[PDB]
Structure formats: structure tokens, C-alpha cells
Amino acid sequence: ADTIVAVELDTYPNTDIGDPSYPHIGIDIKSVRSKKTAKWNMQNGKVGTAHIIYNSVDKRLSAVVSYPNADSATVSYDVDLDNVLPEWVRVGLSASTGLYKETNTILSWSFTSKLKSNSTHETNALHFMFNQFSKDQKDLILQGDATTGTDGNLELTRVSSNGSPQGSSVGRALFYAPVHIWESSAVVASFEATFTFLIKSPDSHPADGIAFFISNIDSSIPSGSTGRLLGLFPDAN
């Protein structure tokens, strides 16, 4: 039922459902089997940054993930969102752990969406920016194990009192207000999202990953979407 478009920062290779045999970033359109991926040199314990951009002229969804003094990974894919998503959506962040685990900490998150229409200066826009999360962040819909407040961060998956990440966890945070992502009379529709994150794992193999996603407004975590399904899809098709 849920329509999902996501950019995944996939830390664990599940080669049987299509993942490359290394940590990677990917663009997922309605399926966990990324339409395109790029090798990603994940760094256990360092704060990374992801930038996701899209505009309706090029109809190109792109993403870059980087770490200070290190190389960035980028991946792009041609997609006409007007054909995939409803015109009103919610945007959010999702992460999970399964048999293997890692912390999926979000330090900041900002988003900007703009619809420049056939009337010019008749632009509708939405922008939000979180550099700190409060214990009671009322403008975020928290699903599953996601929580805020710990040192002003958003922990998408369960982390015990001493900081150890737990397995079999899934959590998502969606911005409260629906977002008008496209409208047919719009000359140019575009958006940009940025978030900083901290993935740490005591394990040799961290899992499962973090994703930025856009979905139908009433999207909820699909049953059994812990692990490789990243809290976004009901199965691996």
C-alpha cells in the first residue's frame, strides 16, 4: 500500500536480495532493490553528512554522503517523481538493525521544498531545520523505536543506557506537516535535504542502515521490516 522513494545508506550486504557485496548508498523506488547504488566507504564511529537533491527540470534525484577529510560517495538516478509519488507526501528518516547492529544516531536534519508555479513569485515553499532535538519534539511523528532527547539527538533505533546498540530494532521520524511535492501547473518543483549521522558498532559487521524517504502521508512501519528491509518495505521484491 505504501508508496516509497528512498535514498539508503546501506551498511550490510544482503547479497541475496540484490545488494552489492559491500556497504553502499542507493536510490530505492518502491522496492528495497535499489535502482542504482554506489560503493560507500563507511566509517565506524565518525559523524557523516548526506545531501539529497532533486529538481523537476532535470528530473534527477541525487545524493552525496561524505565524512570530513575523506572521500564522498554520490549516486544519481533519473526519475520523474510526478509519476511515482502522490502530490502530497511526508518526508522522514528511517533506520533498523536485525541480527547485526549499529547505533543510527541523527545529529541534525534540514529540509527545503519549493513549488514555483505558472504565475511566478506565486511560489509556495516549506523549510525546516533541526540542529538539536528536544525530549518532546512535537513536530516530529516518531514511529517504532525512535526517540529524541539523548544529548539533543534523534536515536532512530534502540540504544541501551550505556550506549550499546540493540539488534532487532526499527524506528522512523517523519516531519509532522504533509509536504506538497509536485503540482501539475508547477514550472519547477524541487527539494533538498541534509542530515548528519553517527553509525557506531562494536560488531565486526554493522547493520542495517539509515534511509531518507518520502512516502504517502499515512505511511507506517510495515510488519517485519526490521533488518535488511530498513523499516520501509514489507518484503524484498
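From 1 onward, residues are counted along the sequence shown.
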Query raised in the report: Which has higher Cα B-factors on average according to the PDB entry: 156-164 or 128-136?
Result: 156-164
Query raised in the report: So which stretch wins on mean C-alpha B-factor, 119-127 or 72-80?
Result: 119-127
Query raised in the report: Among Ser201, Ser169, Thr194, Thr37, which residue carries the highest C-alpha B-factor recorded in the PDB entry?
Result: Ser201
Report task. Could you check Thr49, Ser190, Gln43, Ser62 and tell me which one carries the biggest Cα B-factor in the deposited entry? Result -> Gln43
Query raised in the report: If you rank the chain by CA B-factor, which third does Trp182 end up in: lowest, middle or highest?
Result: highest
Query raised in the report: Should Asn104 be placed in the lowest, middle or highest third of its chain by the C-alpha B factor in the entry?
Result: lowest
Requested in this report: Taking the values exactly as deposited, rank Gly92 by C-alpha B-factor within its chain and report the matching third: lowest, middle or highest.
Outcome: lowest
Report summary line: So, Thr150's CA B-factor, relative to its chain, sits in which third? The highest
Query raised in the report: Looking at the C-alpha B-factor of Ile17, is it in the lowest, middle or highest third of its chain?
Result: highest
